[PDB]
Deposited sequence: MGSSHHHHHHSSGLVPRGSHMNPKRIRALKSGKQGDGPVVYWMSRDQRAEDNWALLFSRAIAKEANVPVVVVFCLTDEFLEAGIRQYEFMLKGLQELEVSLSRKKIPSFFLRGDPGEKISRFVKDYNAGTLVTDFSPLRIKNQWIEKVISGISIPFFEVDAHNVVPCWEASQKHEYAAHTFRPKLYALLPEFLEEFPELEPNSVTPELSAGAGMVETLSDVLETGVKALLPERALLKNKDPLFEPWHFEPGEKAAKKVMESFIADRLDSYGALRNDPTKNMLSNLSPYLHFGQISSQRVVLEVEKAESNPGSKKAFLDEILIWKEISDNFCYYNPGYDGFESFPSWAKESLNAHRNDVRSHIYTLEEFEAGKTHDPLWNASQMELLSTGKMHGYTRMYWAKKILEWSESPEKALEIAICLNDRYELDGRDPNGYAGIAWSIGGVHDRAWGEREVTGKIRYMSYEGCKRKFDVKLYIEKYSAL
């Protein structure tokens, strides 16, 4: 659909029909940003060709009840800034509350939308919402992959077994899709309160808050300032003083040598393509640059591939055949310890290293990348069954992680528990051939004592 700096492969038609005479409505669900948003840019270009204004519609679902205050405030303060940024470009934004399958279809009919465009997410509930929109509307419906550098349906057409099978495919398409973003043009044609939605939601999630013994909240909200502007500064700081040492100290939780970009990446407050463009041009350690690029390009986008082609990405059935057979044979093995969800949640296990990992998650909302493996694998070792451990790991991940409820989370848990995108290892009791980590193994890599004392 026209455009000189737009690859047509980033868009795909979900519904074909007669284009209406009204404004083009952009349904924002995953990429909550104004700059470096392909879905917003593609919606603006279609509006420009048809001589119509562009409007942004967001649907606030009841999903925040399952999560906590920390993610709700992080998102809401992000959208409040996004409202002002879109207003500076004369692009009105509408915030709806209710079922997306019913309210979004009603908005298109009420506002007489000419064309509807939305971002891409391989999550199950997004596809269900999309199908309900299809049956209700008659305007054309398009979908744009504004999250991945290479669109998920173009990088691969099947479930990839491992990265070494996905890395050559992904890197082969970099010269085509790795390009600079064009500036978003303001609207020429001019035509609920976010504060009220925030105050009402907070009161509902107040009883479910995480508290200490003295009825004091555990979450520390000053570690990550939400929004698009703050996400840019985090990326700038990481490239400047942190990217050089990333290759060596990325596995040391005692050092703050990570990019800390996951909370902004999950909510789409910064584009991974923009980060890739800046990292590529930056002159840093070649080993560190390669290590970081493998995480933000191969592993981040292969998680989207895993969820898009495996609808049961959060289930035991998504595990490979070798993993299921090994875990099934060890179902009746006696576990060293058995802990419930509440015991895991409160960090009341015999392992000080595991408790410190959970305490960091409870306080900061973002556990270090290395300890998250030990966090998830010990859940498998000290649970009733691999189904319960998968249930517990997912429940704690999506509740307390700022970057939770993300395809990286489900694929990351499947790696640690089900060996997805991994290989078999030495046979062991209970865990079987799933990759094994030990407290002693962490002692030979980093100062475990410093990590434990930092989080009680």
{"query": "Ranges of the deposited sequence (numbered from 1) for which no C-alpha atom is modelled", "finding": "1-15, 207-215, 481-482"}
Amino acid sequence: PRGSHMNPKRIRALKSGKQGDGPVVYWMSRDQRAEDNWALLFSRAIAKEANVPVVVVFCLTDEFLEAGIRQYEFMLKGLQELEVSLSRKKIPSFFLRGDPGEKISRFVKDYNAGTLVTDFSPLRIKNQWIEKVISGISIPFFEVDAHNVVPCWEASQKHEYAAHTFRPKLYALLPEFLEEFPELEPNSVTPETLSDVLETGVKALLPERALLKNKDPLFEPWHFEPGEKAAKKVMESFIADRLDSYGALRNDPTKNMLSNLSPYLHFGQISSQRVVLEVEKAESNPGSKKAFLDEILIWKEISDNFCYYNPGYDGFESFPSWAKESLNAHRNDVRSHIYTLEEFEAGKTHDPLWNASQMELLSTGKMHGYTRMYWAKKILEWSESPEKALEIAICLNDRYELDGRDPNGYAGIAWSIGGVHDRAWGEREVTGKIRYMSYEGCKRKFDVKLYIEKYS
From here on, numbers count along this sequence of modelled residues.
{"query": "Residue stretch of maximal mean CA temperature factor, 384-392 vs 61-69", "finding": "61-69"}
{"query": "85-93 set against 299-307, stretch whose average Cα temperature factor tops the other in the entry", "finding": "85-93"}
{"query": "From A424, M28, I417, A45, residue of greatest CA B-factor", "finding": "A45"}
{"query": "Selection from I413, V55, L402, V430 [criterion: highest C-alpha temperature factor in the record]", "finding": "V55"}
{"query": "Relative C-alpha B-factor of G287, binned into the chain's lowest, middle or highest third", "finding": "middle"}
{"query": "Third of the chain's Cα B-factor distribution that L14 belongs to, per the entry", "finding": "highest"}
{"query": "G347 - Cα temperature factor, lowest/middle/highest third of chain", "finding": "lowest"}
{"query": "Assigned third (lowest, middle, highest) for the C-alpha B factor of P186", "finding": "highest"}
{"query": "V24 - which third its CA temperature factor falls in, relative to the rest of the chain", "finding": "highest"}
